[PDB]
Amino acid sequence: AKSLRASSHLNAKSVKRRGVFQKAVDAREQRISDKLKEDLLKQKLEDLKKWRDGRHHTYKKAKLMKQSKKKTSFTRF
Amino acid sequence: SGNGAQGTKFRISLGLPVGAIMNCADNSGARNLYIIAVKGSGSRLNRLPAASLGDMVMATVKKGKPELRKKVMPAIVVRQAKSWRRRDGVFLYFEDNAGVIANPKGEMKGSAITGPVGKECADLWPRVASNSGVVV
Amino acid sequence: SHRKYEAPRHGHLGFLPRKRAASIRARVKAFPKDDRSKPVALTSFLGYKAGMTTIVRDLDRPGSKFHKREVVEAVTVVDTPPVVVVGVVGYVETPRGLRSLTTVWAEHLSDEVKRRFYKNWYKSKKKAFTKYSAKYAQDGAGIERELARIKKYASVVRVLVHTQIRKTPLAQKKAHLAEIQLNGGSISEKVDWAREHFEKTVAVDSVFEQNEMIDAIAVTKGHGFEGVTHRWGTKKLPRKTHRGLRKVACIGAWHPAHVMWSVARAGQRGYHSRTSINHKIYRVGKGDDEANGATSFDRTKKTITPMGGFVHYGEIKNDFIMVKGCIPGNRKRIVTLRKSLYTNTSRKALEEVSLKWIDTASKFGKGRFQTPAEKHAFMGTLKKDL
Amino acid sequence: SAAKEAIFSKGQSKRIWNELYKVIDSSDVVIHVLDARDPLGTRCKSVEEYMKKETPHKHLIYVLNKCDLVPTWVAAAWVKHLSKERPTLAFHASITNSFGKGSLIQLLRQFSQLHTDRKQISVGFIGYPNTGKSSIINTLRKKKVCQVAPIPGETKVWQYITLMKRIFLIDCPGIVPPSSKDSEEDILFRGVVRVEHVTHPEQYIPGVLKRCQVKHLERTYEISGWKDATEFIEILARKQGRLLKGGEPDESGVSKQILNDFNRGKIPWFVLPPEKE
RNA sequence: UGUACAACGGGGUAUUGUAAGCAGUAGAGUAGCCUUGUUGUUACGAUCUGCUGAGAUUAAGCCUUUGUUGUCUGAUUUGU
RNA sequence: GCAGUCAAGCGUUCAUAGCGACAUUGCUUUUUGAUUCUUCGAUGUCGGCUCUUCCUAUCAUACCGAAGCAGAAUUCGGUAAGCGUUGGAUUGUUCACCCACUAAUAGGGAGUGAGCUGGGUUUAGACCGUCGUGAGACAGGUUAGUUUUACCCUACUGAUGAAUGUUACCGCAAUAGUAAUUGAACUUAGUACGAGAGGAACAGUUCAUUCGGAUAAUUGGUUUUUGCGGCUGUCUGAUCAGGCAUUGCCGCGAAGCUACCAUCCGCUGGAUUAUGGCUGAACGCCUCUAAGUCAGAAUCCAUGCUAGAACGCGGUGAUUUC
RNA sequence: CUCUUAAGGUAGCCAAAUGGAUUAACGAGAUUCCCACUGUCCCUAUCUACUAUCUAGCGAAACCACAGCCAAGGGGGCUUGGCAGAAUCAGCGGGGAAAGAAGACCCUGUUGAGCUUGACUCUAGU
RNA sequence: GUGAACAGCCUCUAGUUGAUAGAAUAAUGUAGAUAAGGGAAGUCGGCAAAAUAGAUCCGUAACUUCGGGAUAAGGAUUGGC
RNA sequence: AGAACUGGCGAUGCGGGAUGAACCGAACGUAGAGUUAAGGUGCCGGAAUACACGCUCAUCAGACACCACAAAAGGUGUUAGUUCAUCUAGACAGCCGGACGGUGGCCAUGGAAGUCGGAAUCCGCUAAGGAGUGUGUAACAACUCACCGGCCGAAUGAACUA
RNA sequence: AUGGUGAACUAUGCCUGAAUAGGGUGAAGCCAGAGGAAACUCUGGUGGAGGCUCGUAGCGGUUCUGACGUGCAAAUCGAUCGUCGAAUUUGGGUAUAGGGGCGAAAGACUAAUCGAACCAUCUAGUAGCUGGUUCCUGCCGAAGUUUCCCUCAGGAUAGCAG
Ligand SMILES: Nc1nc2c(ncn2[C@@H]2O[C@H](COP(=O)(O)OP(=O)(O)O)[C@@H](O)[C@H]2O)c(=O)[nH]1
Ligand SMILES: [Mg+2]
């Protein structure tokens, strides 16, 4: 009966989202974030056991001069 | 599911297409049933309506008591020779595929069933479970 | 003349063209919606599909017919050693779409990534990032400039990770590099996190955890040129039909005087990129932990490695992700595991998974034993023994 | 209860009835062929009343075919009782050993004499499928002119047969009228039904035991002492070796054979004519 | 020029179903032989039993490898 | 349809000279659901197998409006083509009709005339019927009866690819495609509603149908693993170990391939239609509409998913030493 | 001118055993049905050989106005649009003055020749 | 040699090893097989395949021109020693 | 459909109608210049996004032929008209008030009082008020309009045509 | 039409040669046994008949959504099938020759030719008809209709251009 795109069932889903489901998502995420912090701490703890530049400037200037010299510019003529 | 069926029925491998003779497990006097139709089947183009354990069919009594033949009564498949899966994983099959005569509301015409009855059919049909001396 | 009996289309028109995927590693075309209030997290991961095995699960699904009953499930084991961050990419939001603004790499890159940048690694001088490490020497002025640029302008930050493929049983030494988007935290927090991580690894349990639904994005198994009867499921024509019976019979009408794009034709099957979503994580294993494959109902003290290893894949010496059901892609294949793009509202996404048993019997035959110890104790002593 | 088989509707087909109405529209004299075994069963009254209303000038005649399968007194009683309504004529159709051929020739020749103003006279034959209209035409014309087959429904169209320069015979597909007063059990025992397609022919056998006499049925098949039809079939099948693979009798097939013997005049049966008057 | 790769080998892991050879009284019985006797005995004899879940196969698109032996080399082209 | 009638109007000059909408009346098988259970010349060969798309004149599913619509069900109507629309029986075939299943078994277009096929156009054989003096031809009926791309172009399905310094990696997204579907089960409940018989639904849950996309843990299938074992016949003197039997045959058989014969997975935001409204003129009442505006369908457009412009683009790495 | 067709209650009368053709046997004859059996199908899958495929050698043919992307119009070329990027490989069988019959069923000339007949003119024979 | 056999299969004498080859093992084909459960529901039509099959023994119907039908049908067996 | 005539095409290009047997224009050698026809002048496209008076908004406008069809009508779209009617003895729209008396007229019946019905349908008092226009009641009650009147203040209504 | 040439293919007659495993059935005759007086009837054998049967070689050509379809082949290949002791199959010799022969009659066959073989000539047979019909320019330039042969056809006249 009621389709996937059904407004009624989607609205029941949306009411349900904000309850137990988003709670469980956010709590799960907090736990995984703490595990990541543990992981980085362990790794740093084993660690203690021991323009942009001239390249990009010439690159861009050449590219723009080639586009102006072959008449192939999106932005200028 | 059907009329008189208790709750949902999960997928089991279809064993009994239309035109399949199946034994009559009950004591209603029929000796075999001939599936002419299957309840609940979808409309796929060349697909024969097929029946499995726990499914209600429409069957004619082909051999047996003359008071029962030439008539089309509903039947409920209680055994099956096609191996199907039980969720506590085991694929199982019976030695014959058989059914019982039921009125469309689920009641058994017979007063007993002989031989084993699958639990997927006993569970789904209370009047089958209540008439089956051997389950699984 | 109208179609006499209405039948639905064979196949899906949204999975077209059924061509070979442009790369073996399937792209992630969408990442979960960024929520800056949450802390910084990785939205995907990279692992290798090791194989499949059997699980008994103590199902707690209220309202079900299998409620409070053990149910046997097939699962897929994805070998997931930790991936290590090597770079950042900042994306600006432009009226023609997202745009990579800049990319900052770690100071030291392993051989595994550097191999990814050559077709002929053995012949090379291995000069991969030699003029780029020097940008860290001059107190990191260029590195800091591009990171400040990401902070100033980027509206999407993606980290660049890669797999420690040497930890897998694979023969391939060329690691797999990818962009993983960082969700949570502001742009500056994303960049600072990533800078702090430029040579540290990220374990799989720092991205996913048990009882989470994840997406599997992988290029499927390839089958070569395959005909209509099985590329699309078209019915076989009657026996000994002239010109053959494994082909579609009529192709077109008197008009449009062409074969339509919708008519099923033969061609490449498989090796297509697919995104399969909502795969429940049944176990996030730990590499160092022996008894990976043991549970609280099964005390055998065994790892998830079947006897004889997996078939066409070695042992599981690493962290692994065991997901319910089957996954696109075959064994040995890089898969991308993604966080779910939406807060799923099914009750399956909420269930805690309670395994009773993992099938570590051999996949190289009709394996009947879980451990070599069990096989020995069932056989008895042989003639190799006295 | 099961569906009505398509084989008990045969003869009610619209093409057959169109063919009959052509035969009637084109005939001056209409012969209604009757089976002497059960004439009243094989009498199509609806066509008779249609002709009495719509075509009073066309002449119905009864011809009591298969007249050699009843006793002489039964044939005589039936002609006595049907002549009170319609001029009937006893007849046994056989190209070599007929009876009533001369009488029918004389009657048709008189019918032509009455219509001397109309210089061709067409005589159409009417009845159930298996009564013998083609066999009567072949008898009169004195060779295998129309197609003759015991399985009913052979001829599908009418055909003109030129008996004489003045007289034409028209064979017709046999009809069965759809009046519900006749059972669908009865539409089988009149030779109308191809018994091959009868789905459960084991049920009509007590009907045969009703129609036939035990004294004759013990003799047509050399078997005796059946308590019931359902075991009459099995004792006959064991006698004839019609046992399927595994020791069980070919019960449906033997029933089909018994019904075929009944309708094709291998078993002696008739319904007794009405009482003396 | 190496936790390299390869060809073999070892170990698992899987498939079959108990190898070749020898022995045995185990054996339907039939011949012969005398100690003419109850495992009489010498020979044949399908088969049976013991060595023997033995023997074979096992990546060719299985896993692993403290072993052995060898290889690491040519050709072509590409510049803002 | 024919024959009337009336007359809004028309002609007009005369409204009786005539036309003439709507409305209506006579004719059609007997007023008490019986029959009228009832058939009557298609000079027609088209029709099924596979497969695609479109139409809306909507059968179902979605949402509405009107009904003595209590409930349940139904009827009539509106928007609506997103998505489905069956298995058989039957006869020249097809519809019909029949049986059943189904949510429903809607109606059509382009159809598939030498993609494949059945009857018919079916040519020389033959038989019967009718006619003709005849040769013969027909009111017929029955039977048997070779037909052959593409290797060309284009379309379509997949696969490479030259050069825009070279080379490598990581991405963007114009455009184009798009997908999910239906049923019933627990609970809401034996509640609302009801004399009673009966008896919903939303919210919360669980499965399944059809489709689709994958996958091979398991189960099943398959076996040139000719992997292992056996069997027949013969040949290598016997044992061994083997050959041959157009893969010899039989049993088991890993791996691989594979099956609703196995398993997993398939969503959520905007804007609307009918309709229901708000404020409010037109028009000193009123009015959902004119200005403005709220909600609202399986719709649309996006999200998500597939491809990636081979002449769309970005970021980044290395750029040849004698 | 007259007038004609109404015998009994489950097998009769009978004709120098039968009263039949409802004929055995036979049949690559036409048709229906049943059992058995099966991939005919549900609903497809897998395997083997040879192809196809790639290479070395050898090397045709049909066909051919020129070409070869679509839509609407015009009672492929012209009109108006959609567009359009080298060179290509395997499939495919929608379309192609693209070939393969344009055959078959039709129409017409004063158009042969086979056959018939109290059509005409003749004639062997008799 | 097997076997009833000048059948099929294997071999001795004699003859031949000639038919363009090599490498892969996609779809579709040609030829040949196997397939769970059901068993004609497929089809215009059980087409094609399957099933049967040698020999011994038991047994064998209607009908009949008395000759047949008839290998009717339906059963029980088969090795080695 | 028949007759009679006259034109066009055949044998014939060219300009225009996007296109073209039947339409509009047009006296065909090779050119140059000017001017035009029919058709046009936003851009494709040579030529005014000219001037001017109105009308029209179409949830698939029209650009188009017209004593052509679907075509006779339907519309609380808009515009211009025609005829008739009402109006400082107060118009249209609003509120407010009266809306009476015989009388609950007769018949009917469980009831029927203007309003289930059948027939009458008159009189009085009036500024006006039906033996009642509808909602209503079991009947009444009440409300309502049609009809008057009070307040307001100046135009309005109806049918038709384009 | 005239005159010739073919029975090496094939049709049929004749003369002279040749070829055809293994099985099933079990006819007459005969033998023994028992019945009956006898004709003879029953049982057990023997025997080995048949335009009999299964089935090789052989001869044929049924069926297949068979293979092939510029093929190996202008009729093959594969499997399946009919028959297989004779009205059989077959070599050579010999006879029949075209308005003929020969035919278990299908117009079947008569050298890939048959609704009348093949070859040459008369013969360049006959056309209502189809296709084609070869250089340039200048100038003039139609008709597509009347009237009669009953009419169609086929034609003769007027009309237009000269
Ligand atoms: N015994 C008998 N049988 C007859 C007679 N007439 C016809 N039949 C049978 O009827 C069968 C065929 O019937 P048919 O003539 O085709 O019936 P129709 O279609 O009415 O002419 C034939 O086999 C005859 O044996 C008769 O007079 N006596
Ligand atoms: Mg007949």
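Definitions and cut-offs
- Residues numbered from 1 in each chain as written, not as in the entry; some residues may be left out.
- Chains lettered and ligands numbered in written order.
- Part of a larger assembly, values for the part shown.
- Heavy atoms only, no water.
- Helix = DSSP H or I, 4+ residues; strand = E, 2+ residues; numbered from the N terminus.
- Rg over C-alpha atoms; globule rule 2.2 N^0.38 Å.
- Buried < 20%, exposed > 50% of the residue type's maximum accessible area, 1.4 Å probe, protein only.
- Contact = heavy atoms within 4.5 Å.
- Areas by Shrake-Rupley, 256 points an atom, 1.4 Å probe, with all protein chains shown as cover.
- Pairing = 2+ DSSP bridges.
- Axes fitted to C-alpha atoms, helices over the stretch in contact; angles between N-to-C directions.
- Salt bridge = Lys/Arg side-chain N within 4 Å of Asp/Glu carboxyl O.

- What the deposited record gives as its method is cryo-EM, and the resolution it gives is 2.9 Å.

## Quick word on the overall build of chain D
Here's step 1: Looking only at helices and strands, one finds nine helices and five strands in chain D.
Here's step 2: By the compact-globule yardstick of 19 Å for 277 residues, chain D fits well, its C-alpha radius of gyration being 20 Å.
Here's step 3: Each of the three principal axes of chain D carries a C-alpha extent, and together these read 70 × 40 × 35 Å.
Here's step 4: Taken over 277 residues, chain D has a buried fraction of 47%.
Here's step 5: At a minimum sequence separation of 6, the contacts of chain D that also span at least 24 residues come to 69%.
Here's step 6: Just so you have it, chain D exposes about 14200 Å², and 51% of that area is on carbon and sulfur atoms.

## A word on the sheet that holds strand β5 (residues 56–64) of chain B
Residues and elements named next belong to chain B.
Here's step 1: If you trace the five strands once around the closed barrel, you get β2-β3-β5-β6-β9, paired in mixed fashion. With strand direction ignored, the average angle separating the axes of adjacent strands in the sheet is 50 degrees.
Here's step 2: As judged from the seven bridges shared by strand β3 (residues 30–38) and β5, these two strands associate in the antiparallel manner. Within β5, the residue paired with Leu-33 across the bridge is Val-61.

## Brief notes about the arrangement of the chains
Here's step 1: Taking contact number as the criterion, the leading pair out of three pairs of chains in contact is chains A and C.
Here's step 2: When C-alpha atoms are compared, chain A and chain D, though not in contact, are closest at a spacing of 34 Å.
Here's step 3: The two partners chain C and chain D share no contact, and the minimum distance between any of their C-alpha atoms is 25 Å.

## Details of the pattern of salt bridges
Residue and element names in this part refer to chain C.
Here's step 1: As enumerated under the stated definition, the model contains 40 salt bridges over all chains in all.
Here's step 2: With a closest N to O distance of 3.4 Å, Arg-166 and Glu-112 form a salt bridge. Of this pair, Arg-166 sits in the loop between β6 (156–163) and β7 (177–183) while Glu-112 sits in helix α1 (residues 111–116); the two residues are 54 residues apart in sequence, bridging distant segments of the chain.
Here's step 3: The partner of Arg-158 in a salt bridge is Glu-179, with the nearest N and O atoms 3.0 Å apart. With a gap of 21 residues between them, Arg-158 in strand β6 and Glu-179 in strand β7 connect regions that are remote in the sequence.
Here's step 4: Its relative accessible area of 15% is what places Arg-158 among the buried residues.

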